[PDB]
Structures are given as C-alpha cells and as structure tokens.
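S.K.: Provided herewith: final_15.txt, compact mmCIF, C-alpha atoms.
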```txt
# COMPACT_ATOMS: atom_id res chain seq x y z
CA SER A 1 -10.89 9.50 -15.39
CA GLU A 2 -11.98 9.24 -11.72
CA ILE A 3 -15.03 6.92 -12.41
CA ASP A 4 -13.17 3.66 -11.51
CA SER A 5 -12.33 5.01 -8.01
CA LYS A 6 -15.58 7.07 -7.52
CA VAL A 7 -17.52 3.78 -8.15
CA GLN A 8 -15.42 2.56 -5.13
CA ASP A 9 -15.65 5.75 -2.90
CA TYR A 10 -19.46 5.26 -3.06
CA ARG A 11 -19.04 1.81 -1.33
CA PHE A 12 -17.33 3.52 1.68
CA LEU A 13 -19.67 6.49 2.02
CA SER A 14 -22.04 6.21 5.01
CA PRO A 15 -25.67 4.87 4.42
CA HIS A 16 -26.90 8.50 5.01
CA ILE A 17 -25.64 10.07 1.68
CA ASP B 1 20.38 20.44 12.23
CA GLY B 2 20.59 17.15 10.22
CA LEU B 3 16.80 16.44 10.17
CA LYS B 4 16.14 13.36 12.36
CA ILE B 5 13.10 11.99 10.49
CA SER B 6 10.79 10.59 13.22
CA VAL B 7 9.51 6.97 13.15
CA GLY B 8 6.12 8.71 12.88
CA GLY B 9 7.36 10.88 9.94
CA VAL B 10 8.77 7.87 7.97
CA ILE B 11 5.40 6.10 8.44
CA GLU B 12 3.43 9.33 7.60
CA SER B 13 5.40 9.77 4.29
CA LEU B 14 5.16 6.03 3.41
CA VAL B 15 1.39 5.87 4.25
CA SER B 16 0.77 8.93 2.01
CA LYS B 17 2.93 7.36 -0.77
CA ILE B 18 0.95 4.05 -0.61
CA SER B 19 -2.55 5.63 -0.20
CA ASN B 20 -2.36 8.33 -2.87
CA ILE B 21 -1.01 5.92 -5.56
CA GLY B 22 -3.51 3.23 -4.38
CA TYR B 23 -6.54 5.57 -4.74
CA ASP B 24 -5.92 6.04 -8.53
CA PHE B 25 -5.39 2.26 -9.12
CA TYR B 26 -7.37 -0.13 -6.83
CA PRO B 27 -9.24 -2.42 -7.78
CA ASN B 28 -6.42 -2.88 -10.40
CA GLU B 29 -4.60 -5.73 -8.51
CA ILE B 30 -1.94 -5.76 -11.30
CA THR B 31 -0.76 -2.15 -10.55
CA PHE B 32 -1.79 -2.15 -6.84
CA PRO B 33 -0.93 -5.77 -5.70
CA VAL B 34 -2.42 -5.40 -2.15
CA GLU B 35 -0.90 -8.63 -0.67
CA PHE B 36 2.64 -7.68 -1.86
CA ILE B 37 2.29 -4.02 -0.69
CA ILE B 38 1.18 -5.30 2.78
CA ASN B 39 3.80 -8.10 2.99
CA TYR B 40 6.70 -5.78 1.96
CA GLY B 41 5.48 -2.55 3.72
CA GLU B 42 4.98 -4.32 7.10
CA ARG B 43 8.35 -6.14 6.61
CA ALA B 44 10.18 -2.87 5.81
CA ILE B 45 8.65 -1.02 8.84
CA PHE B 46 9.44 -4.16 10.96
CA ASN B 47 13.11 -4.09 9.75
CA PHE B 48 13.37 -0.26 10.25
CA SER B 49 11.69 -0.42 13.71
CA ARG B 50 13.62 -3.49 15.08
CA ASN B 51 16.83 -1.54 15.95
CA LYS B 52 14.83 1.48 17.34
CA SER B 53 14.38 2.45 21.01
CA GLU B 54 11.42 1.37 23.20
CA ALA B 55 10.43 5.10 22.91
CA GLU B 56 10.39 5.27 19.04
CA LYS B 57 8.43 1.92 19.14
CA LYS B 58 5.49 4.07 20.50
CA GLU B 59 5.30 6.42 17.44
CA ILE B 60 4.32 3.28 15.42
CA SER B 61 0.53 2.84 15.09
CA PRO B 62 -0.44 -0.91 15.09
CA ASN B 63 -2.91 0.02 12.25
CA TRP B 64 -0.50 2.37 10.33
CA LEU B 65 -1.16 0.81 6.87
CA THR B 66 -4.54 -0.91 7.61
CA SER B 67 -6.40 2.33 8.54
CA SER B 68 -5.24 4.27 5.41
CA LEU B 69 -6.10 1.30 3.11
CA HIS B 70 -9.72 1.54 4.44
CA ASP B 71 -10.13 5.34 5.00
CA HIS B 72 -8.45 6.41 1.70
CA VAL B 73 -7.80 3.38 -0.63
CA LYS B 74 -11.39 2.09 0.04
CA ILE B 75 -10.42 -1.54 0.80
CA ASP B 76 -12.82 -3.53 3.03
CA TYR B 77 -11.61 -4.63 6.51
CA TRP B 78 -12.99 -8.13 5.56
CA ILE B 79 -10.74 -8.17 2.41
CA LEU B 80 -7.78 -6.82 4.47
CA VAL B 81 -8.32 -9.53 7.20
CA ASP B 82 -7.76 -12.37 4.67
CA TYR B 83 -4.94 -10.50 2.83
CA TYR B 84 -3.23 -10.39 6.29
CA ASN B 85 -4.05 -14.13 6.83
CA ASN B 86 -2.41 -14.80 3.41
CA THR B 87 0.58 -12.55 4.40
CA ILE B 88 1.09 -14.51 7.68
CA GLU B 89 0.55 -17.97 6.05
CA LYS B 90 2.61 -17.47 2.80
CA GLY B 91 5.37 -15.02 3.87
CA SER B 92 8.76 -15.25 5.71
CA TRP B 93 6.96 -14.20 8.97
CA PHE C 1 -7.75 6.34 -14.64
CA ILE C 2 -8.99 3.56 -16.99
CA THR C 3 -9.77 4.17 -20.70
CA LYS C 4 -10.90 1.12 -22.75
CA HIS C 5 -9.21 3.03 -25.65
CA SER C 6 -5.82 3.82 -24.03
CA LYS C 7 -2.71 2.95 -26.06
CA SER C 8 -1.36 -0.18 -24.32
CA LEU C 9 2.19 0.21 -22.93
CA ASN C 10 3.76 -2.51 -25.16
CA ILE C 11 7.19 -2.53 -23.35
CA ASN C 12 9.56 -5.52 -22.87
CA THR C 13 10.31 -5.30 -19.09
CA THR C 14 11.45 -9.01 -18.95
CA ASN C 15 15.19 -7.99 -18.85
CA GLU C 16 14.86 -5.46 -15.94
CA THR C 17 16.10 -6.30 -12.41
CA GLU C 18 16.09 -4.59 -9.02
CA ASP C 19 19.73 -3.67 -9.91
CA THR C 20 18.98 -2.10 -13.38
CA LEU C 21 16.03 -0.17 -11.86
CA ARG C 22 18.12 1.14 -8.84
CA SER C 23 21.48 1.91 -10.55
CA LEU C 24 23.22 4.81 -12.28
CA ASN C 25 25.88 2.71 -14.11
```
What would you get if you wrote out this structure as structure tokens?
M.R.:
Amino acid sequence: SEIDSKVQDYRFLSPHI
Amino acid sequence: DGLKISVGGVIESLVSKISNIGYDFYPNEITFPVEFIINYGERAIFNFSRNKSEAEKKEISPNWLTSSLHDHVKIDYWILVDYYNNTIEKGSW
Amino acid sequence: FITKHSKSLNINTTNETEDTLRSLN
C-alpha cells in the first residue's frame, strides 16, 4: 500500500543509504 | 482564555494537513494537484497575513509550504521552481 | 495507496458546488 510513495522516498534519501 | 491561534500555529496545522495527505498521494497529480495547492495555499496565507501586525508577519517562514513539500512530500526543488513560475505567470498574482 | 484492482469510485460529482460541499441546508 506504501510502495507508490516508498518508490518516491528512495529518490530523496541521501546517496549514502 | 479564547485560544489565540498563532500565525505560526495556523501555518503549522495547514503544513501538516497538506504534507500528510500529499505523502499518500503524490505523484497522483489528479488527487494532489501541486500547482493548485501552491496557488491557493500561498493565496490563503497571503490573505490571512495581509491584515496582521508587522510582528505576526515574522512568524511566517518564506519557505513554509516549499520546505515541507520537499522534506516530507518528496517533490524536487527543480519541479517546485517551475510550479512556482507557473503560479506567478498563470495566477491572479 | 494504489491497487490496479481497486473498485473505481464511479460517482457523479458533476452537480456538486463549493456551496453544496460547504452547507448544512
């Protein structure tokens, strides 16, 4: 249910995760 | 003790209302129409703030909506920059 | 929240206004 937004959270994680 | 909601506290409630609904929806630009939410939210905080004191007009963050749309709703500052260009070019501003 | 197998909300909103959505008439 969260996949649509977790596939967007990932784009605004830092390049260290 | 009739609770005088601060110009901060109105913005803090409205930011939370926009961000927490936006997080479940965006990139659905049908149910989270970013340009309309910007153009009306900034107009409503402009209208609410206009009659306020030059003290209350220092509770207002100049990035009140734009920070939360990036930090929480995961919208790019590049995408926001041209949604604000569209807001300024198309709207009653 | 998206399911490709949700039931679509087949409602006729084309008669609603800002008045009919704000009022207790």
S.K.: As a VMD selection string, please: the residues near residue 4 in chain A (cut-off 9 Å, only C-alpha atoms, same-chain neighbours under 6 positions excluded).
M.R.: (chain B and resid 24 to 27) or (chain C and resid 1 to 2)
S.K.: Tell me, in Å to one decimal, how far CA of residue 64 in chain B is from CA of residue 12 in chain B.
M.R.: 8.4 Å
S.K.: Please find the residues of chain B near chain A - the criterion being any atom within 12 Å, counting only C-alpha atoms - and write them as a tab-separated table (two decimals) with C-alpha atoms, in the frame of the given file.
M.R.:
```
chain	number	residue	atom	x	y	z
B	20	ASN	CA	-2.36	8.33	-2.87
B	21	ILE	CA	-1.01	5.92	-5.56
B	22	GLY	CA	-3.51	3.23	-4.38
B	23	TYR	CA	-6.54	5.57	-4.74
B	24	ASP	CA	-5.92	6.04	-8.53
B	25	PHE	CA	-5.39	2.26	-9.12
B	26	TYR	CA	-7.37	-0.13	-6.83
B	27	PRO	CA	-9.24	-2.42	-7.78
B	28	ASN	CA	-6.42	-2.88	-10.40
B	69	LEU	CA	-6.10	1.30	3.11
B	70	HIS	CA	-9.72	1.54	4.44
B	71	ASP	CA	-10.13	5.34	5.00
B	72	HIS	CA	-8.45	6.41	1.70
B	73	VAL	CA	-7.80	3.38	-0.63
B	74	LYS	CA	-11.39	2.09	0.04
B	75	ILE	CA	-10.42	-1.54	0.80
B	76	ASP	CA	-12.82	-3.53	3.03
B	77	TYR	CA	-11.61	-4.63	6.51
```
S.K.: Would you list the residues near (-2.2, -11.5, 3.2), meaning any protein, DNA or RNA residue with an atom at most 12 Å from that point in file coordinates, counting all atoms listed in the file, as a short mmCIF file (atom, residue, chain, number, x, y, z; two decimals) with C-alpha atoms, in the frame of the given file?
M.R.:
```
data_model
loop_
_atom_site.label_atom_id
_atom_site.label_comp_id
_atom_site.auth_asym_id
_atom_site.auth_seq_id
_atom_site.Cartn_x
_atom_site.Cartn_y
_atom_site.Cartn_z
CA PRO B 33 -0.93 -5.77 -5.70
CA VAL B 34 -2.42 -5.40 -2.15
CA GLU B 35 -0.90 -8.63 -0.67
CA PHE B 36 2.64 -7.68 -1.86
CA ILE B 37 2.29 -4.02 -0.69
CA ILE B 38 1.18 -5.30 2.78
CA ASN B 39 3.80 -8.10 2.99
CA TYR B 40 6.70 -5.78 1.96
CA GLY B 41 5.48 -2.55 3.72
CA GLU B 42 4.98 -4.32 7.10
CA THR B 66 -4.54 -0.91 7.61
CA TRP B 78 -12.99 -8.13 5.56
CA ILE B 79 -10.74 -8.17 2.41
CA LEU B 80 -7.78 -6.82 4.47
CA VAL B 81 -8.32 -9.53 7.20
CA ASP B 82 -7.76 -12.37 4.67
CA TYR B 83 -4.94 -10.50 2.83
CA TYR B 84 -3.23 -10.39 6.29
CA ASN B 85 -4.05 -14.13 6.83
CA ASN B 86 -2.41 -14.80 3.41
CA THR B 87 0.58 -12.55 4.40
CA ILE B 88 1.09 -14.51 7.68
CA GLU B 89 0.55 -17.97 6.05
CA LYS B 90 2.61 -17.47 2.80
CA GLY B 91 5.37 -15.02 3.87
CA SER B 92 8.76 -15.25 5.71
CA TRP B 93 6.96 -14.20 8.97
#
```
S.K.: Here is a test: counting all atoms listed in the file, which residue of B:5, B:19, B:44, B:31 is nearest to chain C?
M.R.: B:31
S.K.: What does the distance between CA of residue 7 in chain B and CA of residue 59 in chain B come to in Å, to one decimal place?
M.R.: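 Interatomic distance, CA of residue 7 in chain B to CA of residue 59 in chain B: 6.0 Å.
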S.K.: Just the number, please: distance in Å from CA of residue 22 in chain C to CA of residue 9 in chain B, one decimal.
M.R.: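 Between CA of residue 22 in chain C and CA of residue 9 in chain B the gap works out to 23.7 Å.
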